[PDB]
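Coming up are structure 1 and structure 2: the same protein chain in two forms, each one given alone as structure tokens.
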Structure 1
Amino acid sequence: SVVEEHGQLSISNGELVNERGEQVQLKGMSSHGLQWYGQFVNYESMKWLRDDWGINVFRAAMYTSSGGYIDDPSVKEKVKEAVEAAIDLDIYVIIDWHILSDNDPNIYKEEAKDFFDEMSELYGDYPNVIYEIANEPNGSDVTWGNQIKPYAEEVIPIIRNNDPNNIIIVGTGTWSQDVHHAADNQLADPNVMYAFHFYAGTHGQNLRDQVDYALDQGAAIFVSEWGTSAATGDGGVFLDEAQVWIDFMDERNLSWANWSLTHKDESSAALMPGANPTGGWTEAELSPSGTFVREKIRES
């Protein structure tokens, strides 16, 4: 009864709060690309995550390029499937317009406006939905002030015409690490959060201090993607540094989604090769990363 209990989420003094104004922290999993590992996104696997891991949020990672939505728009129906399951399971859900190689969110802004118009029209009267309008803006030529903020200022109005106050997570520069620039030039909408993403393979002490700087400007931060691996999503599992970030996020009441729910042979993948796509995973079907993430959510 997560959604029944906390209901409408909003931002108050830079903090995510429930409909009674109490601080709330969401912890869950992100899918991998829906064009590749969509079979792991379904009511049964999400229910298993809710019941056995304790998740209270699920992130649907709809890549735009890399064979995603722009090339084959059918993947938007898998996002709808995930939203409907979240509604049925009474958990929160993030709709992620998962830009990456298409590094400037303006490249597909017309399609983004059409997609968010459709999703907000369909689901704008449910409290479960969180819109993430540009996963990871990246590149030296893509800045908050010149590219990202103006993009958000075109897409947010589209959403707001159908859904006036569900949370919107807006990506930041340098693969959603540059929360410092965003916090110094914040968007006007009162229910916006800025995305901050990390990988435990990178020594993170300055990045933690940067998140703190942003929080100190009154900006709300959602860690909508993080991994136990290196920044490529592979290269080793770094559980000591991941624990430091877990403790940091708890102290700052930061919500998060781990990357990712797939059996792909890479360190950040939570599942091993024989894991059933509909859940019920034994200890051996979880990777070293999945075992750790499951423990962190169960402990919460």
Structure 2
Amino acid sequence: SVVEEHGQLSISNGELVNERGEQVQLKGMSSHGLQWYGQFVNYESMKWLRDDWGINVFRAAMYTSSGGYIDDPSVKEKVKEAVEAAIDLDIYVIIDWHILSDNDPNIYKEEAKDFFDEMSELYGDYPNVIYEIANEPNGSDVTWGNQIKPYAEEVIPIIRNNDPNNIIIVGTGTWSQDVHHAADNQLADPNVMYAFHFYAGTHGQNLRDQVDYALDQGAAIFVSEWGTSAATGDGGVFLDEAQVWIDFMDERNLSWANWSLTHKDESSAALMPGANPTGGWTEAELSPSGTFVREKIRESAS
């Protein structure tokens, strides 16, 4: 019913809107690296997330490096499974070319173009699909002007050749935090959004103000990844500051996906070690982070 209701999404003056031009706010979960935790991404778990949590978007995090797609492209099968599950469950789905240690998106440009050509040819006619062409550019020598914008200017046309209208999310500098630099030199494609990522235990008002600067320049922002923990991964979760960020996003109608749906023993993980991979979780199988996120999504779901 999510996609049946909103249909084709588009950007209108920086806002994500549905086919009737009404505002749409997506809230969902990101998987962790599919090469490590792909078992948690399947029809049943996505259905449980849809039905029990109220998600309306699922983010498939396909690492390029770290035993990801570059070395083992078979992980692409897991991406297809997720996309097909999303189409069957009628929710939106983000295909994330998840760069991280390969901090300049131009490292695997040729491969990214080939991957997005294939995905857009296969799924471009479905409104459910959203492309995230470079998770988190990072490093002092990777900037919007020299590396990221030119990379997007090459990948977007590849996608547009097959899919003229689905949303494309583009990463920004400093682990997708530098949305102000991007907002000052925006892409021409109308259905683009810039990624903003944060950690509730580390990022506060300064970054919120940075996000507002970007919004004030007419840029559309998708919080395609955010954690409840500290970047250090120490001290547990920080739900007080997470709630400040949730409110901030609601005021501005910002869409978001939480990191992450895994049983890994790290504060940002939504699940406890051993949690059932196909869903149907008991409250005992959810971590404090997972319990909080589930409530945020449920409490705003219809």
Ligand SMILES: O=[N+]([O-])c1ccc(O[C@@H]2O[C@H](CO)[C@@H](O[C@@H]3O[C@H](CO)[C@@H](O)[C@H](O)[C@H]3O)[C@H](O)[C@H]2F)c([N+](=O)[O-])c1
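Residues that one form lacks are left out of the comparison. Under this definition, the rigid core comprises the largest set of C-alpha atoms superposing within 1.5 Å between the forms. Counting starts at 1 with the first residue of structure 1 and goes up one by one along its sequence.
Given these two structures of one chain, say which is the form solved in complex with the ligand. Looking at both, the form solved in complex with the ligand is number 1.
Upon rigid core superposition, which of the listed residues (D52, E241, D250, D234) is displaced by 2 angstroms or more at its Cα between structures 1 and 2? C-alpha shift of at least 2 Å: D234.
Looking at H203, what is the CA displacement between structures 1 and 2 after core superposition, in angstrom? Its C-alpha position differs by 4.0 Å.
Keeping the rigid core fixed, what distance in angstrom separates the two C-alpha positions of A270 between structures 1 and 2? Its alpha carbon moves by 0.2 Å.
Once the core is lined up, would you list the consecutive runs of at least three residues whose Cα atoms each shift 2 Å or more between structures 1 and 2? Segment displaced between structures 1 and 2 after core fit: 232 to 235 only.
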